[PDB]
Ligand SMILES: CC(=O)N[C@H]1[C@@H](OP(=O)(O)O)O[C@H](CO)[C@@H](O)[C@@H]1O
Ligand SMILES: CC(=O)N[C@H]1[C@@H](OP(=O)(O)O)O[C@H](CO)[C@@H](O)[C@@H]1O
Ligand SMILES: CC(=O)N[C@H]1[C@@H](OP(=O)(O)O)O[C@H](CO)[C@@H](O)[C@@H]1O
């Protein structure tokens, strides 16, 4: 977590055009959270002294949610509005408009569309920054395909010189594969000063935040880039292709953590587990399964195949097979499926049975009660050990 | 599209033994089209002056379909029959039997089993061929595993010498990884001449089309090979293993195009979209979904998970979840699924509901009509805003 | 298969802690067999003169099954019990306690958690061992990630010196990527002698079997390591992450063999086929399908999508779509699904139909009998060509 007097700016003002969506980019959803929700969670964990989200384009619709999140995380989150889209640098300049004019602390600039960004990466950033006592630290990474991203230019001694954006690069600089991750740490005084000197001269007619690296190099200040090996943690999201690739890479990591904690997952590539889901030891998840939202599964269960559960509580030793359910509970040792539909409000007691072609809506089903097949049970209370 | 006086021969005469199937190889199906259908579509788009499909082995069963396709593409397609399987070169010689004896135009020889072959690749071929004013241009590619394919031999100056087939290669030439793609462009006069000189001497006792590259090299004519980086576009299909790998690579590209045009696809690896399918902006497709045939999905929909739709029209803002349907329409704002079965003839109006364990056959269901669960509706007309 | 007087020790005494499971590691299940079942099958095929499984930790629960397997494979399998977990070397020393004190034959030491280990790999091992007339042969492999495994140390002439375990390695030796596979072949006399000299001095305070390679090198005896290119065949299983990766790699190979023998499998990554399953020519398996246990599918069938069948017999030309069934038979030309549930005891004759939302339990359904939708048929006999 964070030394000491630290302020983090989350930049979320972009137009998000390439998503091709009426829903603002950062609100696009991923393993149970919006990209923005992930990024604010990761950041809050470190507990900066300040947390500033720069909203732009769609602030109207994003703002409410930041405050919604601000409460959840029991912490204050500031919102700065960038008026004109006059570039990422201007965005930072807007961010700063929300700290006192003489905040002495370090500044960490990150983005709203890097949902994989984690605690360690961020920490390491400050550790390096303070250690090498840098005026700026920028996180980089090496990609197989560097299109869209800005390129890190280095002389022979591996020393940083400047960052040149996709649009502005020569065709030879496009062959460069080391990219700007868009996560920074700044000496605050050394930042303000550098932003004052940015020109919109070339070539998206804009004020580039990247331009700062070359300015400060010329200033005579110490300019460190820190290479992040695991690109995933630092990858951005501009289109729905990247959104899916990252949804995939995060899922893989969520499943792995469950596997390493005692859950058999027969097919990780087709088992989808949202971030809040809990699962007990020696549970088996068969292929084609989504466990979404607040779903908790106990130990020694069998879930799947083809099972989707949103906000479902599942006891120990239950079996939930080919079921589509939500906002329900399933008791210890209960048997549900195949081809069962649990609508919200279904509470099925321990060792209850819900068989094939059974739909339950808003019903309490007592301990040991069987509903064997082809039945709708809606808005009803059923006693224990009965038979429907 | 095609300069100018151009004739393309599609070779589809092979025995297709390794498919191990009673259905001829090129008729094997892939994202809604037979390999042959893909290849004739790609080719027709460029509009050669002539289009000749060389049929052999199974011509009896393939021919009808070429003429079926010939109509669809509003264009004439010629069929040459190769009698004996006396080699790929003989096949070309058969192809030519369908042009006038003095056709002056260039000849493009491609194959029936390269379903990924696209417009640009083909164009580039002629552009290179005419530019370097070649007697022959052959397309190559580099593979991780070059088994089965023929090897490109090059001296130190990267200059082509000959092509040596899987069977005939030394074991050291098998270490070579650059392969013959089996797509060519020829100077017509320089082709005829070279084929006359082919011998069946070694080692599948046959007349190899590949043999031409070495002959023309000796002739003193200009022999260019053009390396294709994206192997996929140029990969062939000899067994069902390759068929699936290519079905996969094409799917990935179909999904990506949808993603980049505003469709959220949660899991591309398990979402299958045939080539004709249309999908509207901000639709979400959940995992385990096949959209097959002429299926069109509007905007702001939710399809999936576990949904298969063949030739289904789906309005804007409909939800189609765990449904198996075909030859049906689903109205704007309609709710179908989970566990719903739409047989051909189902027409469900705007804001209609078809609930769990409901099967509809050949029925009109009017606007706002609910069928909540566990019901068969067959051969019926139901009024608007009614309740079943 | 095996020369001549050969004895194989299968080591299965580990604590298996990293599985994090109440079920002993080697009993963890994989494509229809426990890891131990796979390994004993592969080994029995070669027909060693002796077969010794060293049980430790959980012998109580594993032993019965070895004898269960011993019968199936019509062959005797010996069980040696290792008392204290005093290391892998001690385990071997325990293994030997079950051969006569003067068994002259070669000894092959393999592990219980390498379920992919095949016939050829094993053969090649002895072929090399006898050919180079080695005192020990160890199988190695190169990994992208060598964590957990023991490292092969080689001087400049590629000659083996010693094997250093994960725990005991310097941080520079951890950069080494060539790993000990834990499959060996020994000259028996040269083994006994070397084990006598093992010390528990460093650093898991234990008797390492690996230590033998360095001892025998010093002895002056001939020490060969044989690199296995296909790591999969030789990969071990310590956690559920590896279990799934291997379940995946084996599946891929099972599907490929079916594809190459005439079965169309649209999506191999999401089609799961246990090892005993048979499938006929020109069958098509659609995505999301599991064929488990003793399931046999005839030719020209259609299975899937979303179909799970455990121990189901399926005739020629049947269609089994969106079905969840087990211990049942489905006749030639029969139509089952979508959303059909076959419980054990279901026998559906040729050209029978079981339609949507139909569950069958323990019933005989005669030739040409239809059960069109939304029906339970339990414990019943139905005549031919009838209608339910
Ligand atoms: C001018 C600027 O700040 N460009 C950054 C920024 O790109 P945008 O395309 O403006 O989002 O973030 C990228 C990381 O996702 C990084 O590659 C790039 O250099
Ligand atoms: C004699 C001949 O023309 N061989 C060609 C041809 O192989 P066949 O195995 O005959 O289909 O097409 C291949 C491309 O799929 C290419 O590798 C090869 O060189
Ligand atoms: C002391 C010893 O025998 N270690 C072996 C053995 O490891 P364990 O972690 O003890 O299972 O098997 C491994 C192969 O899975 C191999 O890498 C290693 O060198």
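By the numbers in Swiss-Prot, the shown part of chain C spans 2-389.
Method on record in the header is X-ray crystallography, 2.8 Å.
Cβ coordinates are placed from backbone N, Cα and C, and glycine is handled just like the others.
Feature list (source: Swiss-Prot):
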type     : residues                                                                                        : note
BINDING  : C:12-15, C:26, C:83, C:88-89, C:112-114, C:151, C:166, C:181, C:239, C:344, C:362, C:377, C:388 : UDP-N-acetyl-alpha-D-glucosamine binding site
BINDING  : C:114, C:239                                                                                    : Mg(2+) binding site
REGION   : C:242-262                                                                                       : region 'Linker'
ACT_SITE : C:374                                                                                           : active site, proton acceptor
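Distribution of Swiss-Prot features across the structure.
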| residue | record | contacts (Cβ under 8 Å, 6+ apart) |
| --- | --- | --- |
| C:12 | UDP-N-acetyl-alpha-D-glucosamine binding site | C:55, C:89, C:92, C:93, C:96, C:110, C:111, C:112, C:113 |
| C:15 | UDP-N-acetyl-alpha-D-glucosamine binding site | C:26, C:57, C:58, C:86, C:113, C:114 |
| C:88 | UDP-N-acetyl-alpha-D-glucosamine binding site | C:199, C:201, C:205, C:207, C:208, C:209, C:210 |
| C:166 | UDP-N-acetyl-alpha-D-glucosamine binding site | C:151, C:152, C:205, C:209, C:211 |
| C:239 | Mg(2+) binding site | C:17, C:19, C:20, C:26, C:114, C:149 |
| C:344 | UDP-N-acetyl-alpha-D-glucosamine binding site | C:326, C:327, C:328, C:329, C:360, C:361, C:362, C:363 |
| C:374 | active site, proton acceptor | C:356, C:357, C:358, C:359 |
| C:388 | UDP-N-acetyl-alpha-D-glucosamine binding site | C:370, C:371 |
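A 10 Å cutoff on Cβ-Cβ distances gives residue C:114 (Mg(2+) binding site) a total of 26 other Cβ atoms nearby, all chains included. Around residue C:113 (UDP-N-acetyl-alpha-D-glucosamine binding site), taking its Cβ as the centre, 27 other Cβ atoms fall within 10 Å, counting all chains. Residues C:166, taken from the binding-site residues C:88, C:113, C:166, C:388, are distinguished by a CB atom under 6 angstroms from ligand 3. DSSP assigns residue C:114 (Mg(2+) binding site) to coil in the three-state reduction, placing it in neither a helix nor a strand. For the region 'Linker' (C:242-262), residue counts in helix, strand and coil come to 19 helix, 0 strand, 2 coil, using DSSP. Chain B lies within reach of none of the binding-site residues C:12, C:15, C:88, C:166, C:344, C:388 when a CB-CB distance under 8 A is required. DSSP assigns residue C:12 (UDP-N-acetyl-alpha-D-glucosamine binding site) to a strand in the three-state reduction.
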